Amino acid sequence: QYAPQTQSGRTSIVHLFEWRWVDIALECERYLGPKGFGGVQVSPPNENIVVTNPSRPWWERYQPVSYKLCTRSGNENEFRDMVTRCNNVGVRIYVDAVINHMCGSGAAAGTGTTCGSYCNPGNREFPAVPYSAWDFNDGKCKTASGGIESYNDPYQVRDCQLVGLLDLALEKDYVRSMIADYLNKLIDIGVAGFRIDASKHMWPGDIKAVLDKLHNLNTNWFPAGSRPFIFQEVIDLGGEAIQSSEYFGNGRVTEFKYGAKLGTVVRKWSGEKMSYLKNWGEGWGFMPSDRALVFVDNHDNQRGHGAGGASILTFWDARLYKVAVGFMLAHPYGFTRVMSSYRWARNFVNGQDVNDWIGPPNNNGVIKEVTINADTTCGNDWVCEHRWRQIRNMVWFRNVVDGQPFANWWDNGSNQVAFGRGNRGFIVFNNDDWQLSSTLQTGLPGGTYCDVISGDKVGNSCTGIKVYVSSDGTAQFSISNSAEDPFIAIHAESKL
């Protein structure tokens, strides 16, 4: 449940948010496999309701109507093809499992659904599963509105409707079994694990009873007896009634404190500074490393009013975002997920983006293909952060240094910091408003190394900055505060 089941030596996954299955299959072969990525988190592959007010938002995909594999990302054949092809080049697929609820209680009855299934939300009828009224928690929720009125009461949080979504009676074996049958179909197809959506809104015990029904992973790609990787979405920034430790028995948990705090530090808000990161990880009150799934932003909080609020760093804030993603990927804490986004027209009204609903790039509702430019960037308003040099090389950095201890920390008492990973990697940051120019101990063997932030090692040369390390492990690092990327990283595989 805790082991990611990636190929040996691969240490991150990427959220290819709202990508079509055919484009993910191609990306696995032409890019993710060759560049050392461990796997992909995909958008929910099961049938959802069609929302027309507003027009096809991203979040319609968190409103299930059946477990048929039929969505705007593609159909069941295309999903299978993607899983097979990705696994065949060593890139695992992790599914976003939406299991707490079905669609909105206020939605109209009919067949406005991604595969044409019928449903009647008002009467709690979902004949394509099938579910009926007694498979929901309406009788169990004690609030007058039927919704969550206080997050201080763990019963309401779990038994009542999250933003009006019909809440499944997860205590019942019939419901646990219908969900297990869906997840087991995906496992047998070749999926490696699951994100469990909205885990805060289910009882840890109910989740566990579903997980105990799951198959071992498919032996065409995994060793016999392998269990699916499980990571649960629980938002707990501390001082809440529900704690992320309640879920540790089932698998890993999203550590949302990580991006919220790192965002604040890198922006230098609330008196925070990078020198405080010396004891990052458990030292900051975070969950144990072997239970954590970490990330700078996710698909919800990149829109600026989720967990972390305005502190969250995203691709819109590109320069600081790269700094935060770089720090994350170099630091040993947690298992890392990299975000991959699309661009939308932000429209702020009272510090609130009123266009935060906008769905992926589309022609009249049909998701646009991911086009690849000659310079390796993406077209059609797909951002492709995972293709940015600074991000892809730090993904490789994490592979190269896997297993090596945190070492050789240095700071200037303010916002210049450095550290290494054993004798295989070293990274240096300048987030201060003045020049960094210092000779630091790197822990690496003497030689000339390419900086993998400003360039690449190509043949026997570097395309960006070169760092000469003395026989005693020291090197000079010079970084201006006006550098495009105010950080440098070198590792064992970037040595000439």
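For every residue, the number given is its place in the sequence shown, counted from 1.
The PDB entry records a higher mean C-alpha B factor for 410-418 than for its counterpart among 392-400 and 410-418.
In this entry, the higher average B-factor at the C-alpha atoms falls on 132-140, of the pair 132-140 and 189-197. Per the deposited record, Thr377 carries the highest C-alpha B-factor of all listed residues (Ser341, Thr377, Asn380, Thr219). Comparing the listed residues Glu385, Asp353, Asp96, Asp300, the entry records the largest Cα B-factor for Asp353. Residue-level temperature factors show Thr463 in the highest third of its chain, judged at the C-alpha atom. The entry lists a Cα temperature factor for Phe286 that places it in the lowest third of the chain's modelled residues.
In this PDB entry, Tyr62 carries a Cα temperature factor that places it within the lowest third of its chain's modelled residues. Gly359: CA B factor in the lowest third of modelled residues in this chain (values from the PDB entry). Among all modelled residues in its chain, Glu29 ranks in the middle third by Cα B-factor.
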